[PDB]
Amino acid sequence: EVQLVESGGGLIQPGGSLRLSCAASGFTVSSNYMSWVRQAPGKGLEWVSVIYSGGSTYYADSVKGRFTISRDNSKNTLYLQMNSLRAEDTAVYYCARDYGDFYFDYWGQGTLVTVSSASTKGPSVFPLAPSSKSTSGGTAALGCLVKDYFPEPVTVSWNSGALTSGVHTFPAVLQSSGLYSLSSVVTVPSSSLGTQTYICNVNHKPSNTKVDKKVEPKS
Amino acid sequence: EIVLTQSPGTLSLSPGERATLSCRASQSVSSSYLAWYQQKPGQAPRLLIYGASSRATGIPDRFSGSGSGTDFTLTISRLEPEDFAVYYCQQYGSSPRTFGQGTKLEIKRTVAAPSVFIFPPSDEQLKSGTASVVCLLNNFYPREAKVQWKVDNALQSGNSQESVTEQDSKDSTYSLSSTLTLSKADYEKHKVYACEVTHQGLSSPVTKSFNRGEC
Amino acid sequence: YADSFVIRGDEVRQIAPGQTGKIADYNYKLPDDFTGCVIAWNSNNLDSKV
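Residue labels used throughout are counted from 1 along each chain in written sequence order rather than taken from the entry, whose numbering may differ, and residues without coordinates are not included. Labels are handed out in written order, letters beginning with A for the chains and numbers beginning with 1 for the ligands. In this view, a larger assembly is represented only partially, and all stated values concern the represented chains. Note: side-chain values were computed over all heavy atoms of the structure, leaving out hydrogens and water.

Participant: So what exactly am I meant to see when it comes to the domain arrangement of chain A here?
Facilitator: A common measure of how large an interface is: the accessible area buried when the components associate. For chain A, the assigned domains are domain 1 (5-112) and domain 2 (124-214). Boundary definitions for the domains trace back to an automatic or database domain assignment. Once you take the C-alpha centre of each, domain 1 of chain A and domain 2 of chain A turn out to be 35 Å apart.

Structure follows, in structure tokens:
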């Protein structure tokens with residue numbers, strides 16, 4: 001019973017249309033109910049739609065006349081085709097296996113539905129050097145500032161995923177310009193300012209940006 | 001009417017003790033046709049208990065939901081610290097399946113003051129024509145911290161942004177990053193950039209500061 | 001023809017020739033063209049109990 005991977009969502013201008021896919025595995029996806037549920041990023045959980053094992057469907061009242069669900073039980077793939085996209089349907093969505101009383105027992109992974117806005121831009125990266133103003137006794141902190149990007153899911157790792165101690169990526173901030181920005185910082189013994197490798201690996205998945213930036217003490 | 005309303009909305013405790021919470025409807029519901037949910041941030045939300053009576057498999061027995069009608073509770077018999085998350089109530093009695101808003105569960109680790117650190121803008125960015133001035137507050141229990149930027153001793157209002165991390169699963173602390181954003185032109189008009197942090201673990205506020213243009 | 005059963009009150013509008021839901025989809029089925037009549041009444045006084 002390992003199942004319910006999601007895929008497909010992302011940057012899309014309003015007025016378009018998108019079919020999402022939630023594939024499952026190790027389960028007879030025909031002989032049950034599935035469902036869709038949204039999660040607004042500041043708000044709670046709101047049910048979208050259901051299908052039946054016979055095949056009858058229902059929807060929320062706001063998404064009436066707009067959104068069509070379907071499935072292919074030959075390939076075990078649920079299809080959420082959403083149409084006439086408005087700029088308030090911007091939640092992350094979850095496919096959910098359904099039982100009986102309409103409990104959503106098994107859950108998907110999630111995929112971001114983001115309405116058009118500022119299009120998709122790549123991040124600009126700077127290294128924030130370790131300094132004595134950041135140094136205190138045994139440790140000193142250094143990091144990477146990755147700013148000005150629209151396509152929300154972005155990741156920065158330290159040394160290709162090596163350092164897990166002190167590495168803390170802070171929540172991205174949404175500026176008035178409409179673009180996101182964030183900064184990830186890690187502390188490391190002050191005896192080790194420049195000694196070892198500290199390269200932040202920036203990857204932007206909606207685009208295809210991959211850049212490694214080294215952080216060294218100030219000149 | 002069917003609207004799920006949380007009792008408190010959040011609970012900050014210490015582990016090893018009996019946790020109890022409820023969710024309140026906007027009418028009496030048909031008999032026990034509701035459920036609970038929990039949400040791990042950055043993860044998928046998961047099952048808690050069906051029918052407010054008995055929970056499904058994959059869940060141990062430290063937990064108990066009760067109530068009838070409008071009131072419907074949930075009791076955790078002993079606070080496991082790794083169970084700190086956002087916890088939801090869900091109904092299925094009404095013709096829609098409505099939800100609530102969640103309850104925050106966490107701990108109040110002994111008062112810990114933040115490590116503070118101020119970062120001047122990198123030379124690369126001043127080429128571009130803008131200056132970000134970052135100030136970091138590392139590890140700290142009470143999140144009710146204040147970050148006052150000062151530029152040449154003038155308190156700066158309306159050009160900063162903060163964000164804060166989720167309570168740390170190891171030491172139950174918070175960390176906060178405040179960014180002050182200026183133009184290159186306006187940056188080059190002042191000298192001292194300061195970041196003054198106020199917090200319960202500090203007897204008087206801590207200021208970390210640098211002087212633009214001093215190696 | 002006379003067929004008889006007991007359902008809840010908040011679901012009787014699932015019974016029309018051409019409908020949906022688990023008593024129209026499962027558990028029972030009408031045609032779409034229809035002649036007859038349907039009669040229902042609450043029996044909570046007698047058929048519900050403590």
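Participant: I tried to follow the interface of chain A and chain B on my own but got confused; where do I start?
Facilitator: When checking whether two residues touch, look at their non-hydrogen atoms; a contact exists if any pair is within 4.5 Å. With 33 residues of chain A in contact, the opposing surface of chain B contributes 38 residues. Interface area for chain A against chain B, summed over the two sides, is near 3100 Å², with a carbon-plus-sulfur share of 64%. The quantity reported as buried area is the accessible area (1.4 Å probe) lost by two parts once they are put together, taken as the sum for both. It is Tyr103, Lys133 and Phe170 of chain A in chain A that bury the most area against chain B; as a group they hold 22% of the surface buried on that side. Think of a salt bridge as a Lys or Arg side-chain nitrogen and an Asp or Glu carboxyl oxygen that are within 4 Å of each other. Across the contact surface, chain A and chain B share zero salt bridges. Of all the elements in the fold, those that place two or more residues in the side of chain A that touches chain B are β5 (45-51), β10 (103-107), β13 (124-128), β14 (139-149), β17 (173-174) and β18 (180-189) of chain A. Residue classes follow a fixed rule: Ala, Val, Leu, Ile, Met, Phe, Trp, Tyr, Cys and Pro count as nonpolar, while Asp, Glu, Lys and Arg count as charged, and any other residue, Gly among them, counts as polar. Of the residues contributing to the side of chain A that touches chain B, the split by class is 20 nonpolar, seven polar and six charged. By the criteria applied, helices consist of DSSP H or I runs no shorter than four residues and strands consist of E runs no shorter than two, each listed in order from the N terminus.

Participant: Would you explain the packing of aromatic side chains in this entry?
Facilitator: The description of two aromatic rings rests on the distance between their centres and on the angle between their planes. Stacked, tilted and edge-to-face pairs are distinguished by plane angle, under 30 degrees for stacked and over 60 for edge-to-face with tilted covering the rest, among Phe, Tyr and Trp rings (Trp via its six-membered ring) whose centres lie within 6.5 Å. In total, this model carries 13 aromatic pairs over all chains according to the counting rule given. Geometrically, the ring pair formed by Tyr193 of chain B and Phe210 of chain B is stacked, given 5.5 Å between the ring centres and 10° between the ring planes. Within this pair, whereas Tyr193 of chain B is found in strand β16 (residues 192-198), its partner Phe210 of chain B is found in strand β17 (residues 206-211), the two being separated by 17 residues in sequence. Taken as a pair, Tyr193 of chain B and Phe210 of chain B share a single burial class, namely buried. Members of the aromatic cluster, each reached through a chain of ring pairs, are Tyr33, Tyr52, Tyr58 and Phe102 of chain A. Geometrically, a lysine NZ or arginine CZ counts as sitting over a ring once it is within 6 Å of the ring centre and also within 35 degrees of the ring normal. Sitting over the ring of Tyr79 of chain A, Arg19 of chain A keeps its end group 5.0 Å from the ring centre. The buried label applies to any residue whose accessible area, calculated with a 1.4 Å probe on protein chains only, is under 20% of its type's maximum; exposed applies above 50%, and partly exposed to all values in between.

Participant: Explain the sheet that holds strand β8 (residues 77-83) of chain A here, please?
Facilitator: In any sheet, the strands associate via hydrogen bonds between backbone groups, in a parallel or an antiparallel arrangement. Residue and element names in this part refer to chain A. DSSP-based pairing: two strands are paired if at least 2 bridges between them are found. Pairing in this open sheet of four strands is antiparallel, and the strands run β1-β3-β8-β7 from one edge to the other. Strands at the two margins of the open sheet, each flanked by one partner only, are β1 (5-7) and β7 (67-72). The mean inter-strand angle of the sheet, taken between neighbouring strand axes irrespective of direction, is 20°. Alignment of strand β3 (residues 17-23) against β8, held across seven bridges, turns out to be antiparallel. The residue of β8 that forms the bridge with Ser21 is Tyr79. Whenever a helix is involved, its axis is fitted only over the stretch in contact; in every case the axis is a line through C-alpha atoms, and angles between N-to-C directions fall within 0 to 180 degrees.

Participant: How do you make sense of the pairing of strand β12 (residues 146-151) of chain B when you look at a structure like this?
Facilitator: Looking down a regular strand, the side chains alternate between one sheet face and the other. All names here are of chain B. As paired strands, β12 and β16 are joined by six bridges and run antiparallel to one another. Among the inter-strand pairings, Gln148 is bridged to a residue of β16, identified as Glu196. Looking at chain direction, β12 and strand β13 (residues 154-155) are connected through two bridges and run antiparallel. The partner of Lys150 across the bridge, within β13, is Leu155. The loop that links β12 with its antiparallel partner β13 comprises two residues; one of these, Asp152, has a positive phi angle of about 55°.

Participant: What's the story with the sheet that holds strand β9 (residues 103-107) of chain B in this structure? I'm lost.
Facilitator: All names here are of chain B. The sheet built from five strands is open, its strands ordered β2-β9-β8-β4-β5 with mixed pairing. Whereas interior strands pair on both sides, the edge strands pair on one side only; in this sheet they are β2 (10-13) and β5 (45-50). The mean inter-strand angle of the sheet, taken between neighbouring strand axes irrespective of direction, is 25°. In this sheet, β5 lies alongside strand β4 (residues 34-39) in antiparallel orientation, the contact comprising five bridges. When the sheet's bridge partners are listed, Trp36 is paired in β5 with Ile49.

Participant: Please explain the arrangement of the chains as it appears in this structure.
Facilitator: Among the two pairs of chains that make contact, the interface with the largest number of contacts is formed by chains A and B. Of all C-alpha pairs spanning chain B and chain C, none lies closer than 9 Å, and the two are not in contact.

Participant: It is not clear to me how the pattern of salt bridges should be interpreted in this structure. Could you clarify?
Facilitator: Note on pairing: side chains with opposite charge can pair once their charged atoms come close. All names here are of chain A. Within this structure, the stated rule accounts for nine salt bridges over all chains. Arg97 is the partner of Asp105 in a salt bridge, and the nearest nitrogen-oxygen pair spans 2.5 Å. Of the residues examined, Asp105 reaches a relative accessible area of 17% and is grouped as buried. You can call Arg97 buried: its relative accessible area is 9%.

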